[PDB]
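Visitor: My questions all concern the structure below.
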Amino acid sequence: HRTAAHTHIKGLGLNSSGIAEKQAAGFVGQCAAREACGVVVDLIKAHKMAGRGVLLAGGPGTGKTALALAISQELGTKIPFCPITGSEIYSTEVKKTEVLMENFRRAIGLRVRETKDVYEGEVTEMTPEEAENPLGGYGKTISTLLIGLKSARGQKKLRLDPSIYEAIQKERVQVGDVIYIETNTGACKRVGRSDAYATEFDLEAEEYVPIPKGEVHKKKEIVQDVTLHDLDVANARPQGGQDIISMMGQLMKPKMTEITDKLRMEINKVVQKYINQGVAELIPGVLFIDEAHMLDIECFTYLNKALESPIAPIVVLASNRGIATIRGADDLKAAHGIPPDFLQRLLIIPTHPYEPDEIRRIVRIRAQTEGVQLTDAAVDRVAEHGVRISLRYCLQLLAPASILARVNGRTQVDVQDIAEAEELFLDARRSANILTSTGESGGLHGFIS
Amino acid sequence: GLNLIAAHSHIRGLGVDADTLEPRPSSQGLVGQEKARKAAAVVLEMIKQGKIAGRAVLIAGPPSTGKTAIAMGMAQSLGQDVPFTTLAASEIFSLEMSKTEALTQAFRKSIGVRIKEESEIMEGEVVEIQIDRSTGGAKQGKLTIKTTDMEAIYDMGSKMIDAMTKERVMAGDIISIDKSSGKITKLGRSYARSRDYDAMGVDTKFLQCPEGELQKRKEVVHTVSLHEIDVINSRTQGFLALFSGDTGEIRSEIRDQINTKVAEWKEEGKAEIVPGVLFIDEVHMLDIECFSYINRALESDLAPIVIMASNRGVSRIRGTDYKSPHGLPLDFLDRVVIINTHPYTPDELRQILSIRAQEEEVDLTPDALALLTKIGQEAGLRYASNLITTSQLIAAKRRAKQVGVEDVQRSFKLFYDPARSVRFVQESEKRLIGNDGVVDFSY
Amino acid sequence: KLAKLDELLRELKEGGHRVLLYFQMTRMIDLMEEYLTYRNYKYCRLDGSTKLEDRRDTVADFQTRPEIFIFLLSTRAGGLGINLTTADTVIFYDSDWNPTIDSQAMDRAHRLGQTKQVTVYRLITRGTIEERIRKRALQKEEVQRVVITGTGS
Amino acid sequence: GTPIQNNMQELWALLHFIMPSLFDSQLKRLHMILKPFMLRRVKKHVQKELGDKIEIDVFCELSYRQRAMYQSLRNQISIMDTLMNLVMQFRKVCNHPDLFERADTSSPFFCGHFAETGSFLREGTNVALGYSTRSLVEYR
Ligand SMILES: Nc1ncnc2c1ncn2[C@@H]1O[C@H](COP(=O)(O)OP(=O)(O)O)[C@@H](O)[C@H]1O
Ligand SMILES: Nc1ncnc2c1ncn2[C@@H]1O[C@H](COP(=O)(O)OP(=O)(O)O)[C@@H](O)[C@H]1O
């Protein structure tokens, strides 16, 4: 429903031969770049290579971000697409190379089958049994809980460990509640009151729920999608146990930490065992670093290590800059704003500025996508602004002009509505002329320089 | 498996004769760089003998001349028996700790303490368990267990009954017991009892019964770095910081105590010290404060050997406004020896591209290999190696069995090399954002 | 479907209508029966698992008393037999490929003695295999008027 | 009330049943040979007070859970060359996604060791639940 800058892009619009159709899937042109992005898509779906780099190089507005979004749509929702700008790397909580590693590991997926081994029932009886600790100083402790669980099919009595009773205490369970006990974690969930007690006459909005069907004891098979980053984080700041560290970890403020390479190599071995057990399959995906010129020489130096990793994702960089100074390396200038050293690692896909007829065709696609009807004179007038000023500028006029048309009661945008939109809504260069013309005047009505 | 094909996957070692240290023209995945590979072979001898402390070696050379390749060769030829620490210099700029702390930690990771410990361990298939609960539980119980060679009953103490009931041990389970501590690990399930396992899905695997003695004195060899001993001693569960990474700046009196303690264990023979190596890739990204620290951190008897790589010419040292060879201060370079790597000849480019093509799954026609070699001479070894993957994917899409010249030519046309992309930005200059921020969006 | 059914059942119950729901899957009669118990609707059920005396009485119950809102009814076990003429609404939650059977089901309501105008709803889901079902059924009912017309004798 | 069914041989089985001396085993001819053996009055000509069956093919649309299932199942048709399975499996999610795979009490992936139950039958009515939950990252 809501329409954004790239809502018309649906894919790369390629033939089965890997050749670009001149207008397909929302694209016009960029055919050589769309074909190169098609080969990138097939590099990813092959899931055989680690740590290949791609640079989308080309001026602002030449569809580099459209192409990266089209890759994400060609890959589909199974494969991790991890998009960031270079400005996102500058965390205050952790070093910049940490968020590089997190995003590298968000780009690597895992699908894993999990057995939940579990107990369910209406709580029929519940009875604690106690330890008379002589000299600990904390007084007594509870040694076990005996609890009776009843389902529709059968019944059990469980002698719970103290740490599982603490889970039940946290869950505020009472007799006649229906509860769930995941033995994997030792976590307890209160599902509700038993429907045997269903009555209006309690002030609190209780969940009255039926008795669980089947056996009290069950094993559930669940297929889970996780990334390596989800595993890293789960084991860095643990919260799954009923131990005291896990317990207090749920109360303290969330905090990112500079996760060590020891934890990452340990989790590689954990995942390798899930793969060898056949319960998991690896789904390596891609990290898209938009605005990659906003990185710095320390980031690029770190990618030289990170891309050597034997399970690194595929990395797609976009840059829009000519010969430019490398950030943090103020004496060094290079093409794309990328160090010469790191540029040797990339495959560069150049993107090119549009012809007037391509711009005219994009205007029609975009008008159809925003749902607005134009006359051909209107489409030509907007296309002229796309040629004379900028594609982005002319596409920004469609929504204002549609309102201005509707305000006069006409449902179709014609040249008068664009002629008004041009005058209400200036571009960067007409505005820069107003600045420059006025800036001869000082005093009250000058622009501040 | 998990491990995919990466840039260095073909490197299996240094490719050097163990008797003479003469490098072979190609072996173990390394082609050429013979003078540099011989020097790296002498450094491996220094590392493996452990005698010398705190040598620093710089691998200096142009980009893509095998500086990382040789570093991977050394790591692979030391194997798992020695601490090898791979630091990117960019990592020292932590927010969690100072640069010199991060350099101390990196040095401390690179010295191992090697410790040998026995345990009696009991391993076998469970024939039976009975437990008496009276009703508070665990009053008494008996375990029957077997191998293919032996069967025994054990009377169990109540804390072993708690271990057994915790790990839900049942008949047919194949278990190991570390009887020095009584943790029990369920190695698997016997096939002979498969039908007892009514709650196990069809995906369940089954083992054969264990072999020999039910009880064995297994000997374990541990290597723990000095950094691990430091971090263990930092707080009540300090070892967790080896994973979450939130070590603070660990106080130096802790380290001094540990240095004394380990020298004590060495002289008592309780432990051995295993000096490893620290690799610092892109050492030129360190600053003048890092170098003045490293100067004196190398002087310890608990210093590893350090190995460093630089692409840089006469270049500005970070944290100062003057320039020095390799980007490194002469103050530091006095304590360093340099190994220099050269550019490749065309037959070396041909061989490296061949090895890269055989490490990848790529059937490559001779004319495609010749074309990729010429591209290598003109566009560089990395670009030609990136075209191998690309041409395979193009060949596959047209259903071809081999990568032909046709596929390399599509790859060359679709993806620019750095020199063509530099030309592209120079010809496209007004449409790209220049260093003055100016750009023209118009046609 | 169940969303659009829930809206439709509310509009019908606020309308005072009484409804027969046909299913091609008896497990959907179980799931639907949960939803009904989780709301205020008094209901009855027939399908191919019920014993014949239960069929006799549940039909008699439904025809007896207007407090019962909804009658869940499997397509084949429930489409063929006796009058249900104090319904007024028929919903095919799922539609049989053989259009005759849906016709029999509809005409358990649309029958001699029928109290009010029968309205039939069919909960077609756009873009699913359900479209093929209703196409095949509509083709077949056309063929079944090519291959007969006229009184006979 | 619906003799014609799927095809004409499936009509012959009903005609053979009544008159197997006559019938054993061009469409316009049929109406003139069935006429002695069939009678079919129809509710437009008869019982005119029973006003016509008002009908609404609703053409409602999938929910998000259904289309997530549907697309993963429709992907199998692209892999094909099994519709004898899939038409019902599609029809199942058309009716309700819990028929295909029922939604249930759920939790995050647990990245840890625990001792799972090997037999439900041998567990009995009284059982001790120890705390088995343990990390797979296992520092020695
Ligand atoms: N070939 C194309 N076909 C259709 N729309 C395009 C094309 N290229 C760019 N656009 C649209 O024009 C706008 C500018 O492109 P964008 O990708 O943002 O440029 P940049 O390279 O600066 O990211 C976006 O709204 C994008 O959807
Ligand atoms: N002598 C060699 N033998 C085999 N492979 C090599 C050799 N030199 C470089 N390579 C490979 O070519 C690529 C580029 O060299 P690399 O060592 O990564 O560059 P740098 O020297 O800039 O670190 C790597 O994939 C590396 O494995």
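We label chains A, B, ... in the order they appear in the structure tokens, count residues from 1 in each chain, and number ligands from 1 in the order shown.
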Quick one: which chain B residues come within 6 Å of ligand 2, and what is the nearest atom pair for each with the distance in Å to one decimal, counting only C-alpha atoms and all ligand atoms, rows ordered by chain and ascending number, as CSV?
Guide:
residue,atom,partner,partner_atom_place_in_ligand_line,distance
B:7,CA,ligand 2,25 (O),3.9
B:8,CA,ligand 2,27 (O),4.1
B:29,CA,ligand 2,4 (C),5.4
B:30,CA,ligand 2,3 (N),3.5
B:31,CA,ligand 2,3 (N),4.0
B:32,CA,ligand 2,1 (N),5.1
B:33,CA,ligand 2,1 (N),5.5
B:63,CA,ligand 2,22 (O),3.6
B:64,CA,ligand 2,19 (O),3.3
B:65,CA,ligand 2,21 (O),4.1
B:66,CA,ligand 2,17 (O),3.2
B:67,CA,ligand 2,21 (O),3.7
B:68,CA,ligand 2,17 (O),3.8
B:69,CA,ligand 2,17 (O),4.1
B:352,CA,ligand 2,4 (C),5.2
B:382,CA,ligand 2,14 (C),5.7
Visitor: Quick one: residues within 7 Å of region 90-100 of chain D, only C-alpha atoms, excluding same-chain residues fewer than 6 positions away - as a list in words?
Guide: residues 1, 125, 129 and 130 of chain C; 66 and 70 of chain D
Visitor: Near chain C, meaning an atom within 12 Å, which residues of chain A appear when counting only C-alpha atoms? Write them as a PDB file with C-alpha atoms, in the first residue's frame.
Guide:
ATOM      1  CA  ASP A 195     -11.749 -24.488  31.798  1.00  0.00           C
ATOM      2  CA  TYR A 208      -9.687 -19.848  30.833  1.00  0.00           C
ATOM      3  CA  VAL A 209      -8.249 -22.614  28.621  1.00  0.00           C
ATOM      4  CA  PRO A 210      -9.273 -26.255  27.973  1.00  0.00           C
TER       5      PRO A 210
END
Visitor: Fewer than 4 positions away in the same chain doesn't count, so skip those; otherwise give me all residues within 12 Å of residue 89 (chain C), counting only C-alpha atoms, as a ChimeraX atom specification.
Guide: /C:8-9,11-13,15-22,69-71,84-85,105-110,114-122 /D:53-56
Visitor: Quick one: pick out all strand (DSSP E) residues within region 113-204 of chain B from a backbone DSSP run and write them as a ChimeraX atom specification.
Guide: /B:113-132,140-146,151-156,173-178,183-189
Visitor: I want to know what sits within 7 Å of residue 327 (chain B), based on only C-alpha atoms, with residues of the same chain fewer than 3 positions away left out; could you give that as a list in words?
Guide: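 Once the nearby chain positions are removed, what remains is residues 284, 312, 313, 314, 315, 316, 317, 323 and 324 of chain B.
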Visitor: Could you report the residues within 6 Å of ligand 1, using only C-alpha atoms and all ligand atoms, as number ranges by chain?
Guide: A: 5-6, 26-30, 60-66, 362, 392
Visitor: Create the file for the chosen residues now, containing N, CA and C atoms and written as an mmCIF file, in the first residue's frame.
Guide:
data_model
loop_
_atom_site.group_PDB
_atom_site.id
_atom_site.type_symbol
_atom_site.label_atom_id
_atom_site.label_comp_id
_atom_site.auth_asym_id
_atom_site.auth_seq_id
_atom_site.Cartn_x
_atom_site.Cartn_y
_atom_site.Cartn_z
ATOM 1 N N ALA A 5 10.461 4.824 -2.769
ATOM 2 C CA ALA A 5 11.298 5.100 -3.933
ATOM 3 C C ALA A 5 11.479 3.905 -4.866
ATOM 4 N N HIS A 6 11.480 2.682 -4.336
ATOM 5 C CA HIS A 6 11.830 1.492 -5.105
ATOM 6 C C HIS A 6 10.679 0.506 -5.266
ATOM 7 N N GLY A 26 10.126 -3.777 -13.625
ATOM 8 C CA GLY A 26 10.292 -2.421 -13.150
ATOM 9 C C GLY A 26 11.500 -1.669 -13.668
ATOM 10 N N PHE A 27 12.510 -2.358 -14.188
ATOM 11 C CA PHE A 27 13.666 -1.681 -14.753
ATOM 12 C C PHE A 27 13.428 -1.141 -16.155
ATOM 13 N N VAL A 28 14.147 -0.066 -16.466
ATOM 14 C CA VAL A 28 14.468 0.330 -17.829
ATOM 15 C C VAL A 28 15.984 0.434 -17.936
ATOM 16 N N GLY A 29 16.560 -0.213 -18.945
ATOM 17 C CA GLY A 29 17.987 -0.068 -19.182
ATOM 18 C C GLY A 29 18.848 -0.711 -18.104
ATOM 19 N N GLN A 30 20.014 -0.101 -17.863
ATOM 20 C CA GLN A 30 21.071 -0.687 -17.032
ATOM 21 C C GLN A 30 21.392 -2.128 -17.416
ATOM 22 N N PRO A 60 25.172 9.335 -8.507
ATOM 23 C CA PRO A 60 23.890 9.325 -7.795
ATOM 24 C C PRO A 60 22.705 9.319 -8.750
ATOM 25 N N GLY A 61 21.718 8.474 -8.441
ATOM 26 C CA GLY A 61 20.517 8.327 -9.238
ATOM 27 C C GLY A 61 20.577 7.330 -10.375
ATOM 28 N N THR A 62 21.712 6.658 -10.582
ATOM 29 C CA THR A 62 21.864 5.667 -11.643
ATOM 30 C C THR A 62 21.403 4.266 -11.239
ATOM 31 N N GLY A 63 20.542 4.144 -10.231
ATOM 32 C CA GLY A 63 19.929 2.866 -9.934
ATOM 33 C C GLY A 63 20.767 1.846 -9.194
ATOM 34 N N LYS A 64 21.856 2.255 -8.542
ATOM 35 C CA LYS A 64 22.662 1.305 -7.778
ATOM 36 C C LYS A 64 21.865 0.677 -6.642
ATOM 37 N N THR A 65 21.043 1.479 -5.963
ATOM 38 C CA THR A 65 20.227 0.972 -4.869
ATOM 39 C C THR A 65 19.040 0.162 -5.376
ATOM 40 N N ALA A 66 18.451 0.573 -6.500
ATOM 41 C CA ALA A 66 17.472 -0.262 -7.194
ATOM 42 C C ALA A 66 18.023 -1.646 -7.533
ATOM 43 N N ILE A 362 10.765 5.430 -17.438
ATOM 44 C CA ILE A 362 10.721 5.378 -15.973
ATOM 45 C C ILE A 362 9.591 6.236 -15.408
ATOM 46 N N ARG A 392 15.517 11.913 -10.135
ATOM 47 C CA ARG A 392 14.897 11.999 -8.815
ATOM 48 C C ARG A 392 13.966 13.197 -8.689
#
Visitor: Tell me as a PDB file with N, CA and C atoms, in the first residue's frame which residues belonging to chain D come within 7 Å of chain A, counting only C-alpha atoms.
Guide:
ATOM      1  N   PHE D 109      14.779 -20.696  19.256  1.00  0.00           N
ATOM      2  CA  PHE D 109      15.708 -21.807  19.167  1.00  0.00           C
ATOM      3  C   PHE D 109      16.549 -21.853  20.432  1.00  0.00           C
ATOM      4  N   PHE D 114      20.603 -30.721  26.337  1.00  0.00           N
ATOM      5  CA  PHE D 114      19.772 -31.249  27.408  1.00  0.00           C
ATOM      6  C   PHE D 114      19.600 -32.742  27.168  1.00  0.00           C
ATOM      7  N   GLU D 116      17.256 -35.510  26.417  1.00  0.00           N
ATOM      8  CA  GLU D 116      15.910 -35.794  25.937  1.00  0.00           C
ATOM      9  C   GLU D 116      15.431 -37.185  26.358  1.00  0.00           C
ATOM     10  N   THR D 125       4.478 -43.134  35.729  1.00  0.00           N
ATOM     11  CA  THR D 125       3.659 -42.048  36.261  1.00  0.00           C
ATOM     12  C   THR D 125       4.422 -41.094  37.178  1.00  0.00           C
ATOM     13  N   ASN D 126       5.435 -41.574  37.894  1.00  0.00           N
ATOM     14  CA  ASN D 126       6.251 -40.737  38.765  1.00  0.00           C
ATOM     15  C   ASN D 126       7.642 -40.594  38.164  1.00  0.00           C
ATOM     16  N   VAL D 127       8.097 -39.355  37.982  1.00  0.00           N
ATOM     17  CA  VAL D 127       9.407 -39.114  37.382  1.00  0.00           C
ATOM     18  C   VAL D 127      10.035 -37.871  38.003  1.00  0.00           C
ATOM     19  N   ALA D 128      11.358 -37.914  38.162  1.00  0.00           N
ATOM     20  CA  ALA D 128      12.158 -36.789  38.636  1.00  0.00           C
ATOM     21  C   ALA D 128      12.698 -35.981  37.459  1.00  0.00           C
ATOM     22  N   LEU D 129      12.339 -34.697  37.402  1.00  0.00           N
ATOM     23  CA  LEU D 129      12.895 -33.747  36.432  1.00  0.00           C
ATOM     24  C   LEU D 129      14.125 -33.043  36.994  1.00  0.00           C
ATOM     25  N   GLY D 130      15.303 -33.577  36.683  1.00  0.00           N
ATOM     26  CA  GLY D 130      16.530 -32.855  36.945  1.00  0.00           C
ATOM     27  C   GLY D 130      16.738 -31.694  35.990  1.00  0.00           C
ATOM     28  N   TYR D 131      17.617 -30.775  36.395  1.00  0.00           N
ATOM     29  CA  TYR D 131      18.013 -29.638  35.559  1.00  0.00           C
ATOM     30  C   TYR D 131      19.204 -30.010  34.681  1.00  0.00           C
ATOM     31  N   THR D 133      19.806 -28.741  31.435  1.00  0.00           N
ATOM     32  CA  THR D 133      20.183 -27.645  30.539  1.00  0.00           C
ATOM     33  C   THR D 133      21.642 -27.215  30.643  1.00  0.00           C
ATOM     34  N   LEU D 136      26.344 -25.834  24.809  1.00  0.00           N
ATOM     35  CA  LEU D 136      27.142 -26.579  23.838  1.00  0.00           C
ATOM     36  C   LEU D 136      28.539 -26.005  23.653  1.00  0.00           C
ATOM     37  N   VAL D 137      28.717 -24.705  23.878  1.00  0.00           N
ATOM     38  CA  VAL D 137      30.050 -24.131  24.016  1.00  0.00           C
ATOM     39  C   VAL D 137      30.607 -24.537  25.372  1.00  0.00           C
TER      40      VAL D 137
END
Visitor: Pick the closest to residue 72 (chain C) from C:87, C:23, C:55, C:98: which is it, counting only C-alpha atoms?
Guide: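 Residue with the minimum atom-to-atom distance to residue 72 (chain C): C:23.
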Visitor: When the cut-off is 10 Å and we count only C-alpha atoms, which residues of chain D are near chain C, given as a short mmCIF file (atom, residue, chain, number, x, y, z; two decimals) with N, CA and C atoms, in the first residue's frame?
Guide:
data_model
loop_
_atom_site.label_atom_id
_atom_site.label_comp_id
_atom_site.auth_asym_id
_atom_site.auth_seq_id
_atom_site.Cartn_x
_atom_site.Cartn_y
_atom_site.Cartn_z
N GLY D 1 -31.65 -37.15 -8.65
CA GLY D 1 -31.88 -35.82 -9.16
C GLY D 1 -30.79 -35.28 -10.06
N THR D 2 -29.79 -36.11 -10.36
CA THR D 2 -28.57 -35.72 -11.06
C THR D 2 -27.97 -36.91 -11.81
N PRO D 3 -28.72 -37.53 -12.73
CA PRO D 3 -28.24 -38.79 -13.32
C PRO D 3 -26.99 -38.68 -14.18
N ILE D 4 -26.71 -37.51 -14.76
CA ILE D 4 -25.73 -37.45 -15.86
C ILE D 4 -24.28 -37.52 -15.39
N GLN D 5 -23.96 -36.95 -14.23
CA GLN D 5 -22.67 -37.15 -13.56
C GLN D 5 -21.48 -36.85 -14.48
N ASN D 6 -20.38 -37.60 -14.36
CA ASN D 6 -19.15 -37.19 -15.04
C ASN D 6 -19.16 -37.45 -16.55
N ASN D 7 -19.79 -38.52 -17.02
CA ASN D 7 -19.75 -38.83 -18.45
C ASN D 7 -20.88 -39.80 -18.78
N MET D 8 -20.91 -40.23 -20.05
CA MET D 8 -22.02 -41.02 -20.56
C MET D 8 -21.94 -42.52 -20.26
N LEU D 27 -24.53 -36.80 -29.98
CA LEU D 27 -25.14 -36.53 -28.69
C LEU D 27 -26.60 -36.09 -28.79
N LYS D 28 -26.96 -35.36 -29.85
CA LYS D 28 -28.33 -34.88 -30.05
C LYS D 28 -29.38 -35.98 -30.12
N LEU D 30 -29.61 -38.55 -28.05
CA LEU D 30 -29.86 -39.13 -26.73
C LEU D 30 -31.23 -38.77 -26.17
N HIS D 31 -31.61 -37.49 -26.26
CA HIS D 31 -32.88 -37.00 -25.72
C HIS D 31 -34.09 -37.78 -26.24
N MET D 32 -33.96 -38.44 -27.38
CA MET D 32 -35.05 -39.15 -28.02
C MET D 32 -35.06 -40.65 -27.73
N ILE D 33 -33.99 -41.18 -27.14
CA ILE D 33 -33.97 -42.57 -26.70
C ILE D 33 -34.08 -42.72 -25.18
N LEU D 34 -33.67 -41.72 -24.40
CA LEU D 34 -33.89 -41.75 -22.96
C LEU D 34 -35.36 -41.56 -22.58
N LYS D 35 -36.13 -40.88 -23.42
CA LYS D 35 -37.48 -40.43 -23.10
C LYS D 35 -38.43 -41.52 -22.59
N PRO D 36 -38.35 -42.79 -23.05
CA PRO D 36 -39.21 -43.82 -22.45
C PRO D 36 -38.76 -44.27 -21.07
N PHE D 37 -37.48 -44.13 -20.77
CA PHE D 37 -36.88 -44.70 -19.58
C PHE D 37 -36.60 -43.67 -18.48
N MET D 38 -36.70 -42.38 -18.77
CA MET D 38 -36.42 -41.34 -17.78
C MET D 38 -37.54 -40.30 -17.72
N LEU D 39 -37.76 -39.79 -16.51
CA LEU D 39 -38.65 -38.66 -16.24
C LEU D 39 -37.92 -37.64 -15.37
N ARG D 40 -37.92 -36.36 -15.78
CA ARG D 40 -37.25 -35.31 -14.99
C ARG D 40 -38.04 -34.00 -15.01
N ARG D 41 -38.94 -33.85 -14.05
CA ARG D 41 -39.54 -32.55 -13.77
C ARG D 41 -38.54 -31.66 -13.03
N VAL D 42 -38.76 -30.35 -13.10
CA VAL D 42 -37.77 -29.36 -12.68
C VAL D 42 -38.47 -28.18 -12.02
N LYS D 43 -37.79 -27.58 -11.04
CA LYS D 43 -38.37 -26.73 -10.01
C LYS D 43 -38.64 -25.30 -10.48
N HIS D 45 -40.66 -25.15 -13.35
CA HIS D 45 -41.99 -25.50 -13.83
C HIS D 45 -42.88 -25.96 -12.68
N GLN D 47 -43.63 -26.21 -8.24
CA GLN D 47 -43.47 -25.59 -6.91
C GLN D 47 -42.93 -24.16 -6.99
N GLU D 49 -43.66 -21.38 -5.86
CA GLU D 49 -43.48 -20.60 -4.64
C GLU D 49 -42.08 -20.70 -4.04
N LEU D 50 -41.34 -21.77 -4.34
CA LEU D 50 -39.93 -21.90 -3.94
C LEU D 50 -39.04 -21.03 -4.83
N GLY D 51 -39.01 -19.74 -4.52
CA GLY D 51 -38.19 -18.76 -5.21
C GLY D 51 -36.71 -19.11 -5.32
N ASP D 52 -36.12 -18.73 -6.45
CA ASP D 52 -34.83 -19.24 -6.91
C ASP D 52 -33.73 -19.09 -5.85
N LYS D 53 -32.75 -20.00 -5.93
CA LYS D 53 -31.57 -20.03 -5.06
C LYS D 53 -30.67 -18.82 -5.30
N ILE D 54 -30.79 -17.81 -4.44
CA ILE D 54 -29.86 -16.68 -4.45
C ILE D 54 -28.45 -17.16 -4.11
N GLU D 55 -27.46 -16.71 -4.88
CA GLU D 55 -26.11 -17.26 -4.76
C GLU D 55 -25.05 -16.17 -4.82
N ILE D 56 -24.02 -16.32 -3.98
CA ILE D 56 -22.90 -15.37 -3.85
C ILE D 56 -21.59 -16.16 -3.81
N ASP D 57 -20.92 -16.30 -4.96
CA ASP D 57 -19.51 -16.70 -4.95
C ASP D 57 -18.65 -15.56 -4.40
N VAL D 58 -18.08 -15.76 -3.21
CA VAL D 58 -17.57 -14.64 -2.42
C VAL D 58 -16.21 -14.12 -2.90
N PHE D 59 -15.34 -14.98 -3.44
CA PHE D 59 -14.00 -14.60 -3.91
C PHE D 59 -13.19 -13.81 -2.87
N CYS D 60 -13.18 -14.30 -1.63
CA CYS D 60 -12.32 -13.77 -0.58
C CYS D 60 -10.85 -14.13 -0.84
N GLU D 61 -9.95 -13.62 0.02
CA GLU D 61 -8.51 -13.66 -0.22
C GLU D 61 -7.75 -14.23 0.97
N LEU D 62 -6.56 -14.79 0.68
CA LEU D 62 -5.70 -15.41 1.68
C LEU D 62 -5.24 -14.44 2.77
N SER D 63 -4.96 -15.00 3.95
CA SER D 63 -4.20 -14.37 5.02
C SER D 63 -2.69 -14.63 4.86
N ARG D 67 -0.57 -17.65 2.66
CA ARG D 67 0.27 -17.42 1.48
C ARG D 67 1.73 -17.78 1.73
N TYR D 70 1.37 -21.44 1.16
CA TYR D 70 1.01 -21.66 -0.24
C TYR D 70 2.20 -21.51 -1.17
N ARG D 74 3.59 -24.16 -3.54
CA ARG D 74 3.52 -23.88 -4.98
C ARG D 74 4.90 -23.93 -5.64
N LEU D 86 -0.63 -32.76 -4.18
CA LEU D 86 -0.60 -31.33 -3.88
C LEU D 86 -1.96 -30.64 -3.97
N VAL D 87 -2.84 -31.05 -4.90
CA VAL D 87 -4.15 -30.40 -4.98
C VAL D 87 -4.89 -30.48 -3.66
N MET D 88 -4.76 -31.60 -2.95
CA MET D 88 -5.37 -31.69 -1.63
C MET D 88 -4.58 -30.88 -0.61
N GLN D 89 -3.25 -30.94 -0.68
CA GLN D 89 -2.41 -30.18 0.23
C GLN D 89 -2.58 -28.67 0.04
N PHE D 90 -2.76 -28.22 -1.20
CA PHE D 90 -3.18 -26.84 -1.45
C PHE D 90 -4.56 -26.57 -0.87
N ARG D 91 -5.51 -27.47 -1.14
CA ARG D 91 -6.87 -27.29 -0.67
C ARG D 91 -6.95 -27.26 0.85
N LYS D 92 -6.08 -28.00 1.51
CA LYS D 92 -5.99 -27.99 2.97
C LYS D 92 -5.68 -26.60 3.54
N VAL D 93 -4.64 -25.93 3.02
CA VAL D 93 -4.35 -24.55 3.42
C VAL D 93 -5.38 -23.54 2.91
N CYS D 94 -6.06 -23.82 1.80
CA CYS D 94 -7.20 -22.99 1.43
C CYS D 94 -8.25 -22.96 2.53
N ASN D 95 -8.44 -24.08 3.22
CA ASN D 95 -9.45 -24.18 4.27
C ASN D 95 -8.96 -23.60 5.59
N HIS D 96 -7.87 -24.14 6.14
CA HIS D 96 -7.25 -23.51 7.30
C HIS D 96 -5.81 -23.99 7.47
N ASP D 98 -3.95 -24.49 10.06
CA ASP D 98 -3.72 -25.48 11.11
C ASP D 98 -3.97 -26.92 10.65
N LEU D 99 -4.71 -27.12 9.56
CA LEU D 99 -4.84 -28.45 9.00
C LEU D 99 -3.51 -28.92 8.41
#
Visitor: When the cut-off is 7 Å and we count only C-alpha atoms, which residues of chain B are near chain D, given as a ChimeraX atom specification?
Guide: /B:165-168,196-200
Visitor: With a distance cut-off of 12 Å and only C-alpha atoms, select the neighbouring residues of residue 393 (chain B), excluding the residue or stretch itself and same-chain residues fewer than 4 positions from it, and output the selection as a PyMOL selection string.
Guide: (chain A and resi 17-18+36+38-46+48-49) or (chain B and resi 360-363+386-389+397-404+407-408+410-411)
Visitor: Determine, for each residue of chain B having at least one atom at most 7 Å from an atom of chain A, the closest pair of atoms and their separation in Å to one decimal, counting only C-alpha atoms; order by chain and ascending number, as CSV.
Guide:
residue,atom,partner,partner_atom,distance
B:2,CA,A:272,CA,5.7
B:3,CA,A:310,CA,5.5
B:4,CA,A:310,CA,5.3
B:5,CA,A:49,CA,4.9
B:6,CA,A:50,CA,5.0
B:7,CA,A:308,CA,5.9
B:8,CA,A:308,CA,6.9
B:63,CA,A:341,CA,6.4
B:88,CA,A:302,CA,6.2
B:90,CA,A:298,CA,5.2
B:91,CA,A:97,CA,6.6
B:93,CA,A:95,CA,6.9
B:94,CA,A:95,CA,5.2
B:95,CA,A:95,CA,5.4
B:242,CA,A:260,CA,6.8
B:243,CA,A:263,CA,4.9
B:244,CA,A:236,CA,4.6
B:245,CA,A:259,CA,5.0
B:246,CA,A:257,CA,6.2
B:382,CA,A:345,CA,6.2
B:383,CA,A:344,CA,6.8
B:390,CA,A:39,CA,6.9
B:393,CA,A:39,CA,6.7
B:397,CA,A:17,CA,6.6
B:398,CA,A:17,CA,6.5
B:414,CA,A:36,CA,5.5
B:415,CA,A:348,CA,5.4
B:416,CA,A:348,CA,5.2
B:417,CA,A:348,CA,6.7
B:418,CA,A:344,CA,6.3
B:421,CA,A:348,CA,6.9
B:422,CA,A:335,CA,5.9
B:425,CA,A:322,CA,5.4
B:429,CA,A:322,CA,6.0
B:431,CA,A:59,CA,5.4
B:432,CA,A:59,CA,4.5
B:433,CA,A:321,CA,4.5
B:434,CA,A:322,CA,5.2
B:435,CA,A:324,CA,4.8
B:441,CA,A:390,CA,5.2
B:442,CA,A:389,CA,4.9
B:443,CA,A:387,CA,5.2
